[PDB]
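Each remark here refers to the structure printed beneath this line.
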Amino acid sequence: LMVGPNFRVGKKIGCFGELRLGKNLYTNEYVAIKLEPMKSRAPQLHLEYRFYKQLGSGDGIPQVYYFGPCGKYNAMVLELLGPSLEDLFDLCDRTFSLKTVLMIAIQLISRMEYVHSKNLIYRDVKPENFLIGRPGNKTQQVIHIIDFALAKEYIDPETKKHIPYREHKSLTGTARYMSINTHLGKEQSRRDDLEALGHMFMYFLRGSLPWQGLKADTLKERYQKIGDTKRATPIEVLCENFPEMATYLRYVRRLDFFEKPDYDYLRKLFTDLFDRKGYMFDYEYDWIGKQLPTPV
Ligand SMILES: [Cl-]
Ligand SMILES: [Cl-]
């Protein structure tokens, strides 16, 4: 029924546990309640909360309100957001205008810059993890990054050194947007968040990516096929008609493991495009004036 003093648990609104609609009874505000069975054999909720705390208050970071026990679950109470870019992607007939994608990209490079500024790498880029604010809120226009369960501190706290390079890192997440180097079992760094973004920007522009249908008998082999197709798809072909996207992807693909990405350059690739195309950054995304779903 209740999370901590004041948060009432509500209906299931999503599915390592479930997401519930919650209400702060003390403020009359709806909230998100991410639950996780206490009997989880591989818990992620507490480490995710810890990453959220580490992120603090950022533009497009979901506020977090409570982490505590909830019957036979552990609960994390955070800010209730709207649809994901994937949900929105579907409402927009699985393509987005260049303006939508550019407004998304400009934002999410800054979102990613911020995450990286807090000594974290994200490692779970995917449209489903980028949520607009709520249908009426001051933040419906803002694309928020969620789900920090797969994040990593890429700067070691004691030494203040970048994490060392390594390989034979096993593959587990979403294969569709992951960097080529993630496919090669390399330790992910800041570059890989940014490349995965580029893949997703291309997914949005094209409607699909050319490795998105690939199936294999094991998942290891499927990652391999997808990775092979990524390597075998020239950026110039993947990004035909989108020159700055190819420029973005080459840049991020060529980043050294340790290299701090030049976020300003990448953002300017896109803001110059945006300007040149005659676009106005007015948050008038493709899905504006559509019937968007609600959590509540
Ligand atoms: Cl009430
Ligand atoms: Cl996939």
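Laboratory data are not the source of any read-out in this text; all were calculated from the coordinates shown. Reconstructed Cβ throughout: ideal geometry from the backbone, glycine too, with neighbour counts over all protein chains shown.
Cα-based Rg of the chain per 2.2 N^0.38 Å, rounded to two decimals?
1.01
With point charges of +1 on the Cβ of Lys and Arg and -1 on the Cβ of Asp and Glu, referenced to the Cα centre of the chain, which listed residue (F130, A42, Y177) lies farthest in the positive direction of the dipole?
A42
Which whole-Hz ³J(HN,Hα) couplings does the range 35-45 yield from phi under the Karplus relation 6.51 cos²θ - 1.76 cosθ + 1.60, θ = phi - 60°, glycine and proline marked x?
Karplus-based 3J(HN,Hα) across the range 35-45 equals 10, 8, x, 4, 6, 3, 7, 9, x, 10, 5 Hz.
Can you find, among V77, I155, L194, the residue sitting farthest towards the positive end of the charge dipole of the chain, where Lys and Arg contribute +1 and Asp and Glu -1 at Cβ?
So the residue furthest toward the plus end is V77.
Taking the mean number of other Cβ atoms within 10 Å as a proxy for protection, how do you rank 117-127, 249-259 from highest to lowest?
Put in order of decreasing packing, that is 117-127, 249-259.
For the ranges 284-295, 59-70, 183-194, what's the packing order if you count other beta-carbon atoms within 10 Å of each residue, average per peptide, and put the highest first? Please list the in-between numbers first.
Values: 284-295: 14.9, 59-70: 18.3, 183-194: 21.5.
Descending mean neighbour count gives 183-194, 59-70, 284-295.
For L184 and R166, calculate 0.36 nm times their separation in residues minus their Cα-Cα distance, and state this gained length in nm to one decimal. Kindly include the intermediate steps, with their values, before the conclusion.
Working: separation 18, 0.36 × 18 = 6.48 nm, distance 1.08 nm.
Contour length minus the Cα-Cα distance gives 5.4 nm.
How far is the Cα center of the range 181-203 from the Cα center of the range 205-276, in Å?
8 Å
About the Cα centre, and with charges only on the beta carbon of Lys, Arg (+1) and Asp, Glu (-1), how big is the dipole of the chain? Nearest 20 debye, please. Walk me through the numbers on the way to the answer.
Details: 44 positive and 37 negative charges, 158 e Å.
Once rounded to the nearest 20, the dipole reads 760 debye.
Using 17 Å as the cut-off for backbone N distance, which residues of the range 57-88 belong to the label zone defined by a point 7 Å from the Cα of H46 along Cα→Cβ?
Only 66-77 fall inside the zone, counting backbone N under 17 Å.
Across the range 1-81, how many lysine pairs, 8 or more apart or on two chains, come within less than 23 Å at their alpha-carbon atoms?
Pairs that pass both the separation and distance tests number 14.
So how do 157-167, 223-233 stack up, highest first, on mean other-Cβ count within 10 Å?
Going by the mean number of other Cβ atoms within 10 Å, highest first, we get 223-233, 157-167.
Going Cα to Cα from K161, which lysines come in below 16 Å? Please leave out same-chain ones fewer than 8 positions away.
Candidates past the 8-residue exclusion: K118, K152, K260.
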